[PDB]
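Chemist: Once you've had a glance at the structure underneath, I'll fire off some questions.
What follows is calculated from the coordinates using simple rules that are stated; it is not laboratory data. All Cβ positions, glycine included, derive from the backbone under ideal geometry; neighbour counts span all protein chains shown.
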Amino acid sequence: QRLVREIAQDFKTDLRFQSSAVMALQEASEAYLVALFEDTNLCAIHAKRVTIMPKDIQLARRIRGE
Amino acid sequence: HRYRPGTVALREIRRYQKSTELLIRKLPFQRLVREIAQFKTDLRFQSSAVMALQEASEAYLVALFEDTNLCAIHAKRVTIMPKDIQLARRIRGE
Amino acid sequence: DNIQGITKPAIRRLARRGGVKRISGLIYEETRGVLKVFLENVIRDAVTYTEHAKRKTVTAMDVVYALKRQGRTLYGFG
Amino acid sequence: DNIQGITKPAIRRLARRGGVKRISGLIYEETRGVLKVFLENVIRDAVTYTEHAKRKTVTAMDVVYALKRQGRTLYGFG
Amino acid sequence: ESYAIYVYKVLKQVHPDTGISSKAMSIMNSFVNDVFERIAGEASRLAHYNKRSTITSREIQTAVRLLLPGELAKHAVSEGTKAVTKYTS
Amino acid sequence: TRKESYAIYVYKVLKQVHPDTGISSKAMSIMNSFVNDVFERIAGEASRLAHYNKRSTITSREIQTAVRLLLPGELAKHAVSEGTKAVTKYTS
Amino acid sequence: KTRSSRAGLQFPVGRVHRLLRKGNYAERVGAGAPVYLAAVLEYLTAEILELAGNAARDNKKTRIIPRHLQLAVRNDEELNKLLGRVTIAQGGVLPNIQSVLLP
Amino acid sequence: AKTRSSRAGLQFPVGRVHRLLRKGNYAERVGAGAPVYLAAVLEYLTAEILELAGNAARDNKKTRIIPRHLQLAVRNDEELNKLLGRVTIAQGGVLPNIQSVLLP
DNA sequence: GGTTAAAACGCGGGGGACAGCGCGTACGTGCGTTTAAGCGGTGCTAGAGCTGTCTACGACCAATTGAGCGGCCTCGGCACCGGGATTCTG
DNA sequence: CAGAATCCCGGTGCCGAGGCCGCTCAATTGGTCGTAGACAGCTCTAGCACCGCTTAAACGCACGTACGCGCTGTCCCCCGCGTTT
């Protein structure tokens with residue numbers, strides 16, 4: 001919540017939030033990160049590695065189109 | 001005289017990235033389309049339709065192969081392999 | 001069997017345009033399968049549009065509408 | 001610096017849910033950056049919707065519309 | 001207003017002795033809304049491509065055939081046809 | 001039968017930003033496609049917004065909101081500037 | 001009598017008709033459009049709920065929960081295709097472990 | 001009598017945009033200023049893309065603008081590339097790009 | 001129906017894809033200390049929300065008339081072909 | 001330093017980008033009317049703030065071997081070229 005408030009301050013000063021509005025953001029973020037890691041694990045495995053590397057994340061984002 | 005393996009490969013890469021023409025022959029492609037369009041028997045086609053299909057198909061294949069090459073490089077390989085395409089299509093969401 | 005008409009030189013040229021230097025011998029069947037699937041999807045949508053339109057002839061705008069439906073948005077054909 | 005509030009074990013937890021066995025030491029910052037970018041985009045859209053609506057409070061429906069605009073439909077907060 | 005009571009009436013016909021939570025109810029509400037919006041927008045496009053004023057059962061059927069997967073689409077069309085037939089007969 | 005297009009307008013723009021420059025028919029068709037695509041995107045976004053706030057009328061405010069939502073970076077800023085300038089001059 | 005009774009459906013035809021006439025989709029609507037759409041919606045809802053109930057009975061439960069909806073949708077070939085880009089709150093993921101990680 | 005385009009100082013037609021809005025099933029009413037704003041936006045975008053197209057033509061020593069030039073202009077500009085990231089241009093080709101590890 | 005660009009087939013052998021090994025230390029499993037995330041309780045109120053004026057605004061209608069789509073010559077930007085000097089590979 | 005590719009200057013001539021002329025239909029103006037909604041006013045509840053509290057959780061540290069890595073030998077197969085259909 002503090003992070004969301006901080007980054008929102010950059011678009012409009014003195015805002016106010018709804019609890020559900022933040023819960024939805026948290027849900028979407030958790031799902032997005034989970035999907036990203038799911039693809040990244042496949043990338044790492046294709047690299048014949050157990051450990052997961054930032055380069056794998058970058059490749060996942062690149063191929064996905066981000 | 002022989003050019004060393006890969007040199008002519010790079011030459012082709014350059015010249016075909018420079019050019020803008022189509023790569024697939026029109027008659028085989030038209031036969032393929034009219035064959036797999038048999039959904040509804042006894043169909044008729046505008047030529048522009050086949051031209052747009054060819055364009056879209058070549059574009060899609062180029063876009064796919066780019067990611068294939070990216071994967072193969074990530075795997076520290078020069079040669080692309082089917083597993084690279086499978087990974088590309090898996091991550092792409094197909 | 002017209003899928004064999006997408007020849008090895010053609011696929012090699014497409015790859016070259018893609019920036020591939022070295023091609024395995026097994027790429028061509030997979031490429032044929034993928035092209036077949038994509039064309040089948042697009043053509044199914046196009047034929048659907050044509051049948052709804054009550055037309056014998058499949059128009060180019062129908063192909064464009066299918067591609068827009070799948071998210072390709074081809075320009076240059078209206 | 002509230003970005004540091006996204007704890008290292010929290011990122012490990014998300015990875016564990018994803019099915020990652022071993023985590024490298026730089027994954028955490030990269031994830032912090034990614035999450036920052038994503039939240040920035042979504043929040044920008046949501047505040048845009050709010051300011052168009054003349055509201056000062058940010059409704060959850062605005063977050064939903066923004067996520068839809070990005071192309072990630074969310075069921076539950078309707 | 002929403003579709004909650006209608007969802008219940010549907011639920012009790014396929015599973016008599018079961019319940020459903022409010023969160024699940026909201027999820028189903030969202031799903032119904034989403035499918036309705038998708039189909040309606042597709043039908044509106046189709047009615048525009050042929051320059052026709054009216055959206056008809058044919059238009060909705062075209063949209064359904066375009067939108068759903070096959071085995072699902074076939075059963076959907078069958079059910080819709082049965083319903084529209086019974087509506088007049 | 002006659003049909004609408006944008007060719008002459010695009011050509012007039014081009015003659016303003018490049019006094020000596022030709023454009024091919026294929027390019028003109030692509031430009032028509034682009035104009036139509038952007039117009040559709042903006043209009044549909046504006047209708048969606050107008051529906052969210054239960055408004056019968058789509059006004060310049062909704063269009064501006066749509067453009068801001070749809071164009072990234074400084075391009076949106078310049079677009080808004082141009083539209084506002086044009087409207088302001090239109091009123092007077 | 002209600003049009004749903006005539007059509008033998010369960011979802012309300014009339015509300016769908018009003019939404020169509022109100023949602024700015026076209027100038028006119030045929031009498032049969034709302035009935036067909038309602039039938040489609042009823043069929044889809046029944047399918048989803050049937051799979052949800054099956055998922056619930058599989059875990060010795062009597063109340064359908066979002067996790068059950070997630071399992072039902074994702075454990076189906078076509079529904080997953082239909083809802084590929086939808087995130088379900090409190091839904092979670094499918095348990096699976098890559099075979100190259102197990103000892 | 002003067003045209004609304006002339007009264008607004010624009011080159012795109014206000015009236016045709018107005019008609020397309022009122023005949024496009026978008027809302028019950030259309031604001032008198034909406035078409036002016038939209039026409040301005042479209043004219044700006046057109047000029048923006050054509051400038052890079054002409055720059056590409058000059059770079060390639062050509063008088064006419066060709067789809068390859070449009071491809072180069074669009075893909076060589078970041079904002080346009082983000083805006084049209086899901087658009088395929090016929091006879092547009094691709095960008096020259098070779099990975100640094102493929103060549104010695 | 002004819003032209004010839006193209007695809008397929010053989011061959012040499014170089015490219016690199018692969019299995020295997022010894023090694024270094026990064027991240028795992030485990031512990032003890034510290035932090036502050038959540039509870040709940042009490043409180044204020046910003047701001048969302050529900051009653052109601054009226055004129056600013058757009059939709060619609062008639063009459064007018066010139067802006068835009070088209071047909072038809074027009075002509076030069078460009079590809080094509082040729083002889084030649086000149087990078088680059090091996 | 002042979003020799004295969006490539007760029008360079010030049011001539012040929014065509015086809016497609018364009019100017020001019022016609023004339024639909026659609027864009028503008030003046031005018032009438034209904035009501036959309038901007039606004040004025042009264043109502044109140046989730047959000048926000050402070051506080052004491054329990055304890056959920058993060059974190060630093062110890063230290064082991066799992067595994068990420070560089071290097072080697074070698075043979076699997078792909079390219080490059082020539083021939084034929």
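Chemist: Restricting attention to region C:15-24, does a residue exist that is on the phi > 0 side of the Ramachandran plot and within 16 Å of DNA strand I (Cβ to nearest atom)? First the steps, then the outcome.
Modeler: Of region C:15-24, the ones on the phi > 0 side of the Ramachandran plot are C:19.
This time we only want the ones that are within 16 Å of DNA strand I (Cβ to nearest atom), so: C:19.
Looking through region C:15-24, at least one residue is on the phi > 0 side of the Ramachandran plot and within 16 Å of DNA strand I (Cβ to nearest atom).
Chemist: Next question. (1) crowded, with 18+ Cβ neighbours inside 10 Å; (2) under 25 Å from A:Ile57 (Cα atoms); (3) facing another protein chain (nearest Cβ under 7 Å); (4) not β-branched (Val, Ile, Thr): which one isn't true of A:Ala44, the others all being true?
Modeler: If we test A:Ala44 against (1) crowded, with 18+ Cβ neighbours inside 10 Å; (2) under 25 Å from A:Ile57 (Cα atoms); (3) facing another protein chain (nearest Cβ under 7 Å); (4) not β-branched (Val, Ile, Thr), just (3) comes out false.
Chemist: Which residue is farthest from the other protein chains (Cβ to nearest Cβ), if the candidates are limited to region A:7-22 and must be within 13 Å of DNA strand I (Cβ to nearest atom), part of a helix (DSSP H, G or I) and within 24 Å of D:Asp1 (Cβ to Cβ)? So that I can check it myself, show each step before the final result.
Modeler: First, pick out the residues of region A:7-22 that are within 13 Å of DNA strand I (Cβ to nearest atom): A:12-22.
Pick out the ones that are also part of a helix (DSSP H, G or I) and you get A:19-22.
Add one more test, that the residue is within 24 Å of D:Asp1 (Cβ to Cβ), and what stays is A:21-22.
Details: A:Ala21: 4, A:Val22: 8 Å.
Across region A:7-22, the extreme among qualifying residues is A:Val22.
Chemist: Still on this structure, please answer the following. Suppose we filter B:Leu10, B:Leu61, B:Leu53 for residues that are aliphatic (A, V, I, L, M), within 16 Å of DNA strand I (Cβ to nearest atom) and within 20 Å of H:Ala90 (Cβ to Cβ); which single one remains?
Modeler: B:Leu61
Chemist: Looking at (1) more than 11 Å from DNA strand I (Cβ to nearest atom); (2) of a type in the set (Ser, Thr, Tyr); (3) exposed (fewer than 11 other Cβ atoms within 10 Å of the Cβ), can you tell me which one B:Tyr3 breaks?
Modeler: (1)
Chemist: Looking at region G:1-48, which of its residues are under 17 Å from the mean Cα position of the chain (by Cα), acidic (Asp, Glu) and at the interface with another protein chain (Cβ under 7 Å from one of its Cβ atoms)?
Modeler: Within region G:1-48, just G:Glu42 meets the criteria.
Chemist: Looking at region B:18-39, which of its residues are surrounded by fewer than 13 Cβ atoms within 10 Å (Cβ to Cβ) and closer than 17 Å to C:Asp45 by Cβ? Walk me through how you get there before you give the answer.
Modeler: As a first pass, look at region B:18-39 and keep what is surrounded by fewer than 13 Cβ atoms within 10 Å (Cβ to Cβ): B:18, B:21, B:26-27, B:35, B:38.
Correct list: B:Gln38 only.
Chemist: Output the number of the condition that B:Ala75 fails; it satisfies all remaining conditions of (1) farther than 26 Å from H:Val101 by Cα; (2) aliphatic (A, V, I, L, M); (3) within 16 Å of DNA strand J (Cβ to nearest atom).
Modeler: Condition not satisfied by B:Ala75: (1).
Chemist: Within region H:49-65, restricting attention to residues that are within 27 Å of H:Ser6 (Cβ to Cβ) and away from DNA strand J (no atom under 15 Å from the Cβ), which residue is nearest to the other protein chains (Cβ to nearest Cβ)?
Modeler: It comes out as H:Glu51.
Chemist: A follow-up question, please. Out of region D:17-28, which residues are within 10 Å of DNA strand J (Cβ to nearest atom) and part of a helix (DSSP H, G or I)?
Modeler: Residue satisfying the conditions is D:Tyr28 alone.
Chemist: Let me ask something else about it. Scan A:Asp39, A:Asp10, A:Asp14 and give me the residue that is more than 13 Å from DNA strand J (Cβ to nearest atom), surrounded by fewer than 14 Cβ atoms within 10 Å (Cβ to Cβ) and not hydrophobic (A, V, I, L, M, F, W, C).
Modeler: Only one candidate passes the filter, namely A:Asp10.
Chemist: Could you tell me whether region H:68-90 includes any residue that is among the small types (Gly, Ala, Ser) and within 12 Å of DNA strand I (Cβ to nearest atom)?
Modeler: For region H:68-90, residues among the small types (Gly, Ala, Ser) and within 12 Å of DNA strand I (Cβ to nearest atom): absent.
Chemist: Here is a follow-up. Working carefully through the options D:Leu39, D:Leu67, D:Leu14, find the one that is assigned to a helix (DSSP H, G or I), over 12 Å from the mean Cα position of the chain (by Cα) and facing chain A (nearest Cβ under 7 Å).
Modeler: Just one listed residue meets the conditions, D:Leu14.
Chemist: Inside region D:42-64, can you point out the residues that are part of a strand (DSSP E or B) and buried (at least 21 other Cβ atoms within 10 Å of the Cβ)?
Modeler: D:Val58, the sole residue that qualifies.
Chemist: Here's something else I'd like to know. In region E:49-87, what count of residues is obtained for those that are in contact with a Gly (Cβ under 6 Å, 6 or more places away or on another chain) and more than 9 Å from chain G (Cβ to nearest Cβ)?
Modeler: Residues in region E:49-87 being in contact with a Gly (Cβ under 6 Å, 6 or more places away or on another chain) and more than 9 Å from chain G (Cβ to nearest Cβ): 0 in total.
Chemist: Given (1) in contact with a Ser or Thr (Cβ under 9 Å, 6 or more places away or on another chain); (2) near DNA strand J (Cβ under 10 Å from one of its atoms), where does B:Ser48 come up short, assuming only one miss?
Modeler: Status for B:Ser48: all satisfied but (2).
Chemist: Does E:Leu46 satisfy the criteria of being touching a helix residue (DSSP H, G or I) at 6+ places or on another chain (Cβ under 6 Å) and either facing chain G (nearest Cβ under 7 Å) or not in a helix (DSSP H, G or I) (or both)?
Modeler: no
Chemist: Kindly list the number of the only condition in (1) within 16 Å of the chain's Cα centre (by Cα); (2) crowded, with 18+ Cβ neighbours inside 10 Å; (3) away from DNA strand J (no atom under 14 Å from the Cβ); (4) not aliphatic (A, V, I, L, M) that fails for D:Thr31.
Modeler: If we test D:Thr31 against (1) within 16 Å of the chain's Cα centre (by Cα); (2) crowded, with 18+ Cβ neighbours inside 10 Å; (3) away from DNA strand J (no atom under 14 Å from the Cβ); (4) not aliphatic (A, V, I, L, M), just (3) comes out false.
Chemist: Here is a further query. Looking at H:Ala73, is it within 11 Å of DNA strand J (Cβ to nearest atom), of a type in the set (A, V, I, L, M) and under 15 Å from the mean Cα position of the chain (by Cα)?
Modeler: On the way: within 11 Å of DNA strand J (Cβ to nearest atom): no; of a type in the set (A, V, I, L, M): yes; under 15 Å from the mean Cα position of the chain (by Cα): yes.
Taking the combined requirement at face value, the residue does not satisfy it.
Chemist: Just the residues that are within 7 Å of another protein chain (Cβ to nearest Cβ) and not in a loop (DSSP other than H, G, I, E, B), please, taken from region A:47-66.
Modeler: Answer for region A:47-66, where residues must be within 7 Å of another protein chain (Cβ to nearest Cβ) and not in a loop (DSSP other than H, G, I, E, B): A:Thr51, A:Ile52, A:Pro54, A:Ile57, A:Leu59, A:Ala60, A:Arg62, A:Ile63, A:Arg64.
Chemist: For the subset of region F:1-24 comprising residues that are at the interface with chain H (Cβ under 7 Å from one of its Cβ atoms) and not in a loop (DSSP other than H, G, I, E, B), which member is farthest from H:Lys61 (Cα to Cα)?
Modeler: F:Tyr9
Chemist: Also, I was wondering about something else. Taking region F:1-22, which residues are among the aliphatic types (A, V, I, L, M) and near DNA strand I (Cβ under 10 Å from one of its atoms)?
Modeler: Start the filter on region F:1-22 by keeping residues that are among the aliphatic types (A, V, I, L, M), which leaves F:7-8, F:10, F:13-14, F:17.
The answer is F:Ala7, F:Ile8.
Chemist: Output yes when any residue across region H:25-33 is basic (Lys, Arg) and within 13 Å of DNA strand J (Cβ to nearest atom), and no when none is.
Modeler: Looking through region H:25-33, at least one residue is basic (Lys, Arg) and within 13 Å of DNA strand J (Cβ to nearest atom).
Chemist: So, D:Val47, is that one within 13 Å of DNA strand I (Cβ to nearest atom) and at the interface with another protein chain (Cβ under 7 Å from one of its Cβ atoms) or not?
Modeler: Criteria met by D:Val47.
Chemist: I've got another one for you. State all residues of region H:39-48 that are more than 14 Å from DNA strand J (Cβ to nearest atom) and over 14 Å from F:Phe34 (Cβ atoms); if no residue qualifies, say none.
Modeler: Listed by number, the list holds a single entry, H:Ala40.
Chemist: In this structure, does F:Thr1 turn out to be closer than 19 Å to H:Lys62 by Cβ, within 14 Å of DNA strand J (Cβ to nearest atom) and surrounded by fewer than 18 Cβ atoms within 10 Å (Cβ to Cβ)?
Modeler: No, not satisfied.
Chemist: Would you point out the residue of region B:1-45, among those that are out of contact with any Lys or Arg (no Cβ under 6 Å at 6 or more places or on another chain), charged (D, E, K, R) and within 12 Å of DNA strand J (Cβ to nearest atom), that is farthest from the other protein chains (Cβ to nearest Cβ)?
Modeler: Filtering first and then ranking leaves B:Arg2.
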